[PDB]
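The file upload07.pdb contains PDB, C-alpha atoms and all ligand atoms:
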ATOM      1  CA  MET B   1      -1.919  10.914  -7.389  1.00  0.00           C
ATOM      2  CA  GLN B   2       0.553   7.959  -7.331  1.00  0.00           C
ATOM      3  CA  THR B   3       0.468   4.760  -5.243  1.00  0.00           C
ATOM      4  CA  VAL B   4       3.487   2.542  -4.364  1.00  0.00           C
ATOM      5  CA  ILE B   5       3.235  -1.080  -3.026  1.00  0.00           C
ATOM      6  CA  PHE B   6       6.169  -2.045  -0.780  1.00  0.00           C
ATOM      7  CA  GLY B   7       6.946  -5.763  -0.482  1.00  0.00           C
ATOM      8  CA  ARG B   8       4.460  -8.619   0.024  1.00  0.00           C
ATOM      9  CA  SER B   9       2.355 -10.512   2.531  1.00  0.00           C
ATOM     10  CA  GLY B  10       1.200 -13.503   0.499  1.00  0.00           C
ATOM     11  CA  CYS B  11      -1.825 -13.732   2.848  1.00  0.00           C
ATOM     12  CA  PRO B  12      -5.001 -13.289   0.682  1.00  0.00           C
ATOM     13  CA  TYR B  13      -6.633 -10.994   3.262  1.00  0.00           C
ATOM     14  CA  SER B  14      -3.865  -8.391   3.207  1.00  0.00           C
ATOM     15  CA  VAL B  15      -3.267  -8.835  -0.571  1.00  0.00           C
ATOM     16  CA  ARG B  16      -6.742  -7.267  -0.962  1.00  0.00           C
ATOM     17  CA  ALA B  17      -4.748  -3.993  -0.627  1.00  0.00           C
ATOM     18  CA  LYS B  18      -2.657  -4.629  -3.764  1.00  0.00           C
ATOM     19  CA  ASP B  19      -5.703  -5.830  -5.694  1.00  0.00           C
ATOM     20  CA  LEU B  20      -7.568  -2.726  -4.520  1.00  0.00           C
ATOM     21  CA  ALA B  21      -4.822  -0.326  -5.694  1.00  0.00           C
ATOM     22  CA  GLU B  22      -4.614  -2.065  -9.064  1.00  0.00           C
ATOM     23  CA  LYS B  23      -8.395  -2.150  -9.534  1.00  0.00           C
ATOM     24  CA  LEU B  24      -8.575   1.502  -8.493  1.00  0.00           C
ATOM     25  CA  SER B  25      -6.007   2.166 -11.291  1.00  0.00           C
ATOM     26  CA  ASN B  26      -8.696   0.801 -13.666  1.00  0.00           C
ATOM     27  CA  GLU B  27     -11.610   2.648 -12.010  1.00  0.00           C
ATOM     28  CA  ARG B  28      -9.800   6.003 -11.825  1.00  0.00           C
ATOM     29  CA  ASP B  29      -7.807   7.337 -14.808  1.00  0.00           C
ATOM     30  CA  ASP B  30      -5.015   9.478 -13.345  1.00  0.00           C
ATOM     31  CA  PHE B  31      -3.219   7.713 -10.579  1.00  0.00           C
ATOM     32  CA  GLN B  32      -0.911   4.934 -11.549  1.00  0.00           C
ATOM     33  CA  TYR B  33       0.357   2.666  -8.864  1.00  0.00           C
ATOM     34  CA  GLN B  34       3.753   0.965  -8.914  1.00  0.00           C
ATOM     35  CA  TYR B  35       4.796  -2.166  -7.042  1.00  0.00           C
ATOM     36  CA  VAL B  36       8.267  -2.264  -5.451  1.00  0.00           C
ATOM     37  CA  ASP B  37      10.252  -5.266  -4.149  1.00  0.00           C
ATOM     38  CA  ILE B  38      11.965  -5.045  -0.791  1.00  0.00           C
ATOM     39  CA  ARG B  39      13.968  -8.018  -2.214  1.00  0.00           C
ATOM     40  CA  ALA B  40      15.338  -5.873  -5.048  1.00  0.00           C
ATOM     41  CA  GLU B  41      15.877  -2.581  -3.247  1.00  0.00           C
ATOM     42  CA  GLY B  42      16.882  -4.343  -0.003  1.00  0.00           C
ATOM     43  CA  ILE B  43      14.638  -2.948   2.744  1.00  0.00           C
ATOM     44  CA  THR B  44      13.926  -4.489   6.160  1.00  0.00           C
ATOM     45  CA  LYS B  45      10.668  -4.775   8.102  1.00  0.00           C
ATOM     46  CA  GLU B  46      12.521  -2.471  10.515  1.00  0.00           C
ATOM     47  CA  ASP B  47      13.341   0.000   7.702  1.00  0.00           C
ATOM     48  CA  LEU B  48       9.734  -0.071   6.604  1.00  0.00           C
ATOM     49  CA  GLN B  49       8.428   0.793  10.078  1.00  0.00           C
ATOM     50  CA  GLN B  50      11.217   3.391  10.501  1.00  0.00           C
ATOM     51  CA  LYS B  51      10.465   5.161   7.194  1.00  0.00           C
ATOM     52  CA  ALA B  52       6.704   4.661   7.671  1.00  0.00           C
ATOM     53  CA  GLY B  53       7.179   6.576  10.940  1.00  0.00           C
ATOM     54  CA  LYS B  54       5.583   3.925  13.208  1.00  0.00           C
ATOM     55  CA  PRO B  55       5.957   0.259  14.277  1.00  0.00           C
ATOM     56  CA  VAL B  56       3.978  -1.198  11.370  1.00  0.00           C
ATOM     57  CA  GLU B  57       4.435  -4.939  11.503  1.00  0.00           C
ATOM     58  CA  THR B  58       1.503  -5.888   9.235  1.00  0.00           C
ATOM     59  CA  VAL B  59       2.294  -6.136   5.506  1.00  0.00           C
ATOM     60  CA  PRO B  60       1.889  -5.130   2.689  1.00  0.00           C
ATOM     61  CA  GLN B  61       2.725  -1.474   3.033  1.00  0.00           C
ATOM     62  CA  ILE B  62       1.208   0.837   0.398  1.00  0.00           C
ATOM     63  CA  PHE B  63       2.259   4.474   0.153  1.00  0.00           C
ATOM     64  CA  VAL B  64       0.034   7.008  -1.648  1.00  0.00           C
ATOM     65  CA  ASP B  65       1.769  10.239  -2.775  1.00  0.00           C
ATOM     66  CA  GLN B  66       4.920   9.194  -0.876  1.00  0.00           C
ATOM     67  CA  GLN B  67       2.840   9.010   2.376  1.00  0.00           C
ATOM     68  CA  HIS B  68       2.750   5.729   4.320  1.00  0.00           C
ATOM     69  CA  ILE B  69      -0.840   4.514   4.676  1.00  0.00           C
ATOM     70  CA  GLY B  70      -0.595   1.149   6.442  1.00  0.00           C
ATOM     71  CA  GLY B  71      -2.256  -2.130   5.405  1.00  0.00           C
ATOM     72  CA  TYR B  72      -5.373  -3.050   3.401  1.00  0.00           C
ATOM     73  CA  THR B  73      -7.958  -1.639   5.814  1.00  0.00           C
ATOM     74  CA  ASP B  74      -5.797   1.486   6.356  1.00  0.00           C
ATOM     75  CA  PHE B  75      -5.672   1.913   2.575  1.00  0.00           C
ATOM     76  CA  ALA B  76      -9.453   1.559   2.309  1.00  0.00           C
ATOM     77  CA  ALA B  77      -9.764   4.086   5.148  1.00  0.00           C
ATOM     78  CA  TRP B  78      -7.346   6.548   3.513  1.00  0.00           C
ATOM     79  CA  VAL B  79      -9.134   6.343   0.140  1.00  0.00           C
ATOM     80  CA  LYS B  80     -12.271   7.038   2.174  1.00  0.00           C
ATOM     81  CA  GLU B  81     -11.182  10.155   4.106  1.00  0.00           C
ATOM     82  CA  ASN B  82      -9.415  11.494   0.961  1.00  0.00           C
ATOM     83  CA  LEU B  83     -11.772  10.426  -1.890  1.00  0.00           C
ATOM     84  CA  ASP B  84     -14.917   8.398  -0.976  1.00  0.00           C
ATOM     85  CA  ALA B  85     -15.340  10.510   2.211  1.00  0.00           C
TER
HETATM   86  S1  LIG B 101      -1.008 -12.346   7.122  1.00  0.00           S
HETATM   87  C1  LIG B 101      -1.423 -10.674   6.587  1.00  0.00           C
HETATM   88  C2  LIG B 101      -1.440  -9.621   7.695  1.00  0.00           C
HETATM   89  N1  LIG B 101      -1.638  -8.279   7.156  1.00  0.00           N
HETATM   90  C3  LIG B 101      -2.806  -7.745   6.824  1.00  0.00           C
HETATM   91  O1  LIG B 101      -3.822  -8.423   6.690  1.00  0.00           O
HETATM   92  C4  LIG B 101      -2.832  -6.257   6.482  1.00  0.00           C
HETATM   93  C5  LIG B 101      -3.680  -5.409   7.445  1.00  0.00           C
HETATM   94  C6  LIG B 101      -4.998  -6.081   7.877  1.00  0.00           C
HETATM   95  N2  LIG B 101      -5.869  -5.105   8.492  1.00  0.00           N
HETATM   96  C7  LIG B 101      -4.846  -7.066   9.044  1.00  0.00           C
HETATM   97  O2  LIG B 101      -3.771  -7.056   9.634  1.00  0.00           O
HETATM   98  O3  LIG B 101      -5.859  -7.214   9.731  1.00  0.00           O
HETATM   99  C8  LIG B 101      -0.083  -9.610   8.381  1.00  0.00           C
HETATM  100  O4  LIG B 101       0.813  -8.893   7.927  1.00  0.00           O
HETATM  101  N3  LIG B 101       0.060 -10.356   9.467  1.00  0.00           N
HETATM  102  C9  LIG B 101       1.276 -10.455  10.241  1.00  0.00           C
HETATM  103  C10 LIG B 101       0.950 -11.343  11.431  1.00  0.00           C
HETATM  104  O5  LIG B 101       0.988 -10.871  12.563  1.00  0.00           O
HETATM  105  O6  LIG B 101       0.207 -12.302  11.242  1.00  0.00           O
END

Go through the file and emit its structure as structure tokens.
Ligand SMILES: *SC[C@H](NC(=O)CC[C@H](N)C(=O)O)C(=O)NCC(=O)O
Amino acid sequence: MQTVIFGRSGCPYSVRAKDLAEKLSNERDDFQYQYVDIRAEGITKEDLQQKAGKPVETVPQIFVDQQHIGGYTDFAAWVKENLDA
């Protein structure tokens, strides 16, 4: 698998998502994640929701295998229905 982190909240609560992906990339030994800056690549909150395929307005966004998940709790959920059950 491969995870991507798009942009930043800064809010500790949401940041749990990034921490989670990273920690998971210690717990599991296949899937790398990568973090990506909207400030480097130049992507809007609009773009994000466009590409994501829905009006996501919470941040961060994390994609897994090029698929938009959503925020922290989405990412927990996705790792559930895919891996943890
Ligand atoms: S301030 C951080 C907020 N995002 C998240 O925490 C990620 C998803 C969480 N499930 C949450 O939203 O509950 C955020 O982006 N807030 C924007 C704002 O409306 O405050």

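Evaluating the PyMOL selection byres (((chain B and resi 76) around 12) and not hetatm) against the shown model yields residues 14, 16, 17, 18, 19, 20, 21, 24, 62, 64, 69, 70, 71, 72, 73, 74, 75, 77, 78, 79, 80, 81, 82, 83, 84 and 85 of chain B.
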
Generate the output file for the selected residues, C-alpha atoms, as a short mmCIF file (atom, residue, chain, number, x, y, z; two decimals), in the frame of the given file.
data_model
loop_
_atom_site.label_atom_id
_atom_site.label_comp_id
_atom_site.auth_asym_id
_atom_site.auth_seq_id
_atom_site.Cartn_x
_atom_site.Cartn_y
_atom_site.Cartn_z
CA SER B 14 -3.86 -8.39 3.21
CA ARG B 16 -6.74 -7.27 -0.96
CA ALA B 17 -4.75 -3.99 -0.63
CA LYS B 18 -2.66 -4.63 -3.76
CA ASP B 19 -5.70 -5.83 -5.69
CA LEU B 20 -7.57 -2.73 -4.52
CA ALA B 21 -4.82 -0.33 -5.69
CA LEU B 24 -8.57 1.50 -8.49
CA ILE B 62 1.21 0.84 0.40
CA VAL B 64 0.03 7.01 -1.65
CA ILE B 69 -0.84 4.51 4.68
CA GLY B 70 -0.60 1.15 6.44
CA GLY B 71 -2.26 -2.13 5.40
CA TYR B 72 -5.37 -3.05 3.40
CA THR B 73 -7.96 -1.64 5.81
CA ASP B 74 -5.80 1.49 6.36
CA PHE B 75 -5.67 1.91 2.58
CA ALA B 77 -9.76 4.09 5.15
CA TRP B 78 -7.35 6.55 3.51
CA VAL B 79 -9.13 6.34 0.14
CA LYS B 80 -12.27 7.04 2.17
CA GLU B 81 -11.18 10.15 4.11
CA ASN B 82 -9.41 11.49 0.96
CA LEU B 83 -11.77 10.43 -1.89
CA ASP B 84 -14.92 8.40 -0.98
CA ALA B 85 -15.34 10.51 2.21
#

What residues come out when you apply the PyMOL selection byres (((chain B and resi 66) around 8) and not hetatm) to this file, written as a ChimeraX atom specification? /B:2-4,63-65,67-68

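Candidate residues B:42, B:60, B:7, B:55 were compared for distance to ligand LIG 101 (chain B), and the nearest is B:60, using only C-alpha atoms and all ligand atoms.
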
With the PyMOL selection byres (((chain B and resi 36) around 8) and not hetatm) as the selection, what would be picked from this file? Answer as a list in words, please. residues 4, 5, 6, 7, 34, 35, 37, 38, 40 and 41 of chain B

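Here the question is which of B:28, B:51, B:45, B:23 gets nearest to ligand LIG 101 (chain B) using all atoms listed in the file, and that residue is B:45.
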
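Minimum atom-to-atom distances from B:9, B:32, B:50, B:44 to ligand LIG 101 (chain B) were compared using all atoms listed in the file, and the lowest value belongs to B:9.
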
Measuring atom to atom with all atoms listed in the file, identify which of B:52, B:29, B:61, B:43 is nearest to residue 8 in chain B. B:61

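Residue nearest ligand LIG 101 (chain B) within the list B:22, B:47, B:27, B:57: B:57 [criterion: smallest interatomic distance, only C-alpha atoms and all ligand atoms].
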
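Closest to ligand LIG 101 (chain B) among B:54, B:59, B:1, B:10 is B:59, based on all atoms listed in the file.
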
Between atom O6 of ligand LIG 101 (chain B) and CA of residue 58 in chain B, what is the distance in Å, rounded to a tenth? 6.8 Å

Return the padded bounding box of ligand LIG 101 (chain B) as AutoDock Vina command-line options: axis-aligned, built from all atoms listed in the file, 6 Å added on each side, with centre and edge lengths in Å to one decimal.
--center_x -2.3 --center_y -8.7 --center_z 9.5 --size_x 19.1 --size_y 19.2 --size_z 18.1

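The coordinates place CA of residue 25 in chain B at 26.0 Å from atom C9 of ligand LIG 101 (chain B).
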
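Counting from atom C2 of ligand LIG 101 (chain B), the distance to CA of residue 13 in chain B is 7.0 Å.
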
Mind completing range 51-75 of chain B with N, CA, C and O atoms? Output as a PDB file, in the frame of the given file, please?
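Ended up saving to result_0.pdb:
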ATOM      1  N   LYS B  51      10.805   4.217   8.237  1.00  0.00           N
ATOM      2  CA  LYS B  51      10.465   5.161   7.194  1.00  0.00           C
ATOM      3  C   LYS B  51       8.981   5.516   7.284  1.00  0.00           C
ATOM      4  O   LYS B  51       8.604   6.680   7.182  1.00  0.00           O
ATOM      5  N   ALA B  52       8.137   4.501   7.481  1.00  0.00           N
ATOM      6  CA  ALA B  52       6.704   4.661   7.671  1.00  0.00           C
ATOM      7  C   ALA B  52       6.399   5.617   8.825  1.00  0.00           C
ATOM      8  O   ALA B  52       5.338   6.240   8.854  1.00  0.00           O
ATOM      9  N   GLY B  53       7.292   5.674   9.813  1.00  0.00           N
ATOM     10  CA  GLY B  53       7.179   6.576  10.940  1.00  0.00           C
ATOM     11  C   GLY B  53       6.417   5.945  12.101  1.00  0.00           C
ATOM     12  O   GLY B  53       5.940   6.667  12.984  1.00  0.00           O
ATOM     13  N   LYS B  54       6.307   4.613  12.148  1.00  0.00           N
ATOM     14  CA  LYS B  54       5.583   3.925  13.208  1.00  0.00           C
ATOM     15  C   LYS B  54       5.918   2.439  13.158  1.00  0.00           C
ATOM     16  O   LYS B  54       6.281   1.952  12.088  1.00  0.00           O
ATOM     17  N   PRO B  55       5.761   1.698  14.261  1.00  0.00           N
ATOM     18  CA  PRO B  55       5.957   0.259  14.277  1.00  0.00           C
ATOM     19  C   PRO B  55       4.837  -0.464  13.518  1.00  0.00           C
ATOM     20  O   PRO B  55       4.045  -1.197  14.108  1.00  0.00           O
ATOM     21  N   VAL B  56       4.762  -0.296  12.196  1.00  0.00           N
ATOM     22  CA  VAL B  56       3.978  -1.198  11.370  1.00  0.00           C
ATOM     23  C   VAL B  56       4.724  -2.508  11.241  1.00  0.00           C
ATOM     24  O   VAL B  56       5.899  -2.549  10.875  1.00  0.00           O
ATOM     25  N   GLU B  57       3.990  -3.561  11.546  1.00  0.00           N
ATOM     26  CA  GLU B  57       4.435  -4.939  11.503  1.00  0.00           C
ATOM     27  C   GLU B  57       3.483  -5.763  10.627  1.00  0.00           C
ATOM     28  O   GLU B  57       3.803  -6.897  10.266  1.00  0.00           O
ATOM     29  N   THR B  58       2.333  -5.220  10.221  1.00  0.00           N
ATOM     30  CA  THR B  58       1.503  -5.888   9.235  1.00  0.00           C
ATOM     31  C   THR B  58       2.067  -5.523   7.867  1.00  0.00           C
ATOM     32  O   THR B  58       2.627  -4.439   7.696  1.00  0.00           O
ATOM     33  N   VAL B  59       1.928  -6.408   6.887  1.00  0.00           N
ATOM     34  CA  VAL B  59       2.294  -6.136   5.506  1.00  0.00           C
ATOM     35  C   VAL B  59       1.062  -6.459   4.640  1.00  0.00           C
ATOM     36  O   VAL B  59       0.164  -7.153   5.124  1.00  0.00           O
ATOM     37  N   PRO B  60       0.945  -5.984   3.390  1.00  0.00           N
ATOM     38  CA  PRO B  60       1.889  -5.130   2.689  1.00  0.00           C
ATOM     39  C   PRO B  60       1.895  -3.739   3.313  1.00  0.00           C
ATOM     40  O   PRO B  60       1.047  -3.428   4.153  1.00  0.00           O
ATOM     41  N   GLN B  61       2.838  -2.908   2.883  1.00  0.00           N
ATOM     42  CA  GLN B  61       2.725  -1.474   3.033  1.00  0.00           C
ATOM     43  C   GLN B  61       2.357  -0.941   1.651  1.00  0.00           C
ATOM     44  O   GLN B  61       2.838  -1.474   0.648  1.00  0.00           O
ATOM     45  N   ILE B  62       1.500   0.071   1.592  1.00  0.00           N
ATOM     46  CA  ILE B  62       1.208   0.837   0.398  1.00  0.00           C
ATOM     47  C   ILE B  62       1.397   2.292   0.810  1.00  0.00           C
ATOM     48  O   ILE B  62       0.849   2.727   1.824  1.00  0.00           O
ATOM     49  N   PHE B  63       2.168   3.035   0.027  1.00  0.00           N
ATOM     50  CA  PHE B  63       2.259   4.474   0.153  1.00  0.00           C
ATOM     51  C   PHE B  63       1.330   5.066  -0.901  1.00  0.00           C
ATOM     52  O   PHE B  63       1.224   4.497  -1.986  1.00  0.00           O
ATOM     53  N   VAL B  64       0.674   6.191  -0.622  1.00  0.00           N
ATOM     54  CA  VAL B  64       0.034   7.008  -1.648  1.00  0.00           C
ATOM     55  C   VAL B  64       0.694   8.372  -1.559  1.00  0.00           C
ATOM     56  O   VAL B  64       0.891   8.852  -0.450  1.00  0.00           O
ATOM     57  N   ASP B  65       1.071   8.964  -2.692  1.00  0.00           N
ATOM     58  CA  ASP B  65       1.769  10.239  -2.775  1.00  0.00           C
ATOM     59  C   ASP B  65       2.866  10.301  -1.718  1.00  0.00           C
ATOM     60  O   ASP B  65       2.875  11.191  -0.865  1.00  0.00           O
ATOM     61  N   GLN B  66       3.762   9.317  -1.746  1.00  0.00           N
ATOM     62  CA  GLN B  66       4.920   9.194  -0.876  1.00  0.00           C
ATOM     63  C   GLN B  66       4.573   9.148   0.620  1.00  0.00           C
ATOM     64  O   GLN B  66       5.491   9.229   1.438  1.00  0.00           O
ATOM     65  N   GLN B  67       3.299   9.022   1.003  1.00  0.00           N
ATOM     66  CA  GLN B  67       2.840   9.010   2.376  1.00  0.00           C
ATOM     67  C   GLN B  67       2.457   7.577   2.720  1.00  0.00           C
ATOM     68  O   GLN B  67       1.655   6.966   2.014  1.00  0.00           O
ATOM     69  N   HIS B  68       3.049   7.047   3.788  1.00  0.00           N
ATOM     70  CA  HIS B  68       2.750   5.729   4.320  1.00  0.00           C
ATOM     71  C   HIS B  68       1.294   5.673   4.765  1.00  0.00           C
ATOM     72  O   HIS B  68       0.871   6.482   5.593  1.00  0.00           O
ATOM     73  N   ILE B  69       0.537   4.699   4.262  1.00  0.00           N
ATOM     74  CA  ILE B  69      -0.840   4.514   4.676  1.00  0.00           C
ATOM     75  C   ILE B  69      -0.919   3.506   5.818  1.00  0.00           C
ATOM     76  O   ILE B  69      -1.476   3.788   6.876  1.00  0.00           O
ATOM     77  N   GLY B  70      -0.377   2.314   5.593  1.00  0.00           N
ATOM     78  CA  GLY B  70      -0.595   1.149   6.442  1.00  0.00           C
ATOM     79  C   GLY B  70      -1.000  -0.046   5.585  1.00  0.00           C
ATOM     80  O   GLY B  70      -0.482  -0.203   4.479  1.00  0.00           O
ATOM     81  N   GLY B  71      -1.870  -0.912   6.088  1.00  0.00           N
ATOM     82  CA  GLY B  71      -2.256  -2.130   5.405  1.00  0.00           C
ATOM     83  C   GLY B  71      -3.514  -1.925   4.570  1.00  0.00           C
ATOM     84  O   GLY B  71      -3.936  -0.808   4.296  1.00  0.00           O
ATOM     85  N   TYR B  72      -4.130  -3.032   4.162  1.00  0.00           N
ATOM     86  CA  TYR B  72      -5.373  -3.050   3.401  1.00  0.00           C
ATOM     87  C   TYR B  72      -6.441  -2.122   3.986  1.00  0.00           C
ATOM     88  O   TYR B  72      -6.923  -1.220   3.310  1.00  0.00           O
ATOM     89  N   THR B  73      -6.857  -2.371   5.219  1.00  0.00           N
ATOM     90  CA  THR B  73      -7.958  -1.639   5.814  1.00  0.00           C
ATOM     91  C   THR B  73      -7.569  -0.166   6.011  1.00  0.00           C
ATOM     92  O   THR B  73      -8.390   0.717   5.779  1.00  0.00           O
ATOM     93  N   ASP B  74      -6.303   0.115   6.346  1.00  0.00           N
ATOM     94  CA  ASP B  74      -5.797   1.486   6.356  1.00  0.00           C
ATOM     95  C   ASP B  74      -6.001   2.115   4.984  1.00  0.00           C
ATOM     96  O   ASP B  74      -6.407   3.264   4.877  1.00  0.00           O
ATOM     97  N   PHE B  75      -5.656   1.387   3.925  1.00  0.00           N
ATOM     98  CA  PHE B  75      -5.672   1.913   2.575  1.00  0.00           C
ATOM     99  C   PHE B  75      -7.108   2.200   2.145  1.00  0.00           C
ATOM    100  O   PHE B  75      -7.378   3.213   1.496  1.00  0.00           O
TER     101      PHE B  75
END
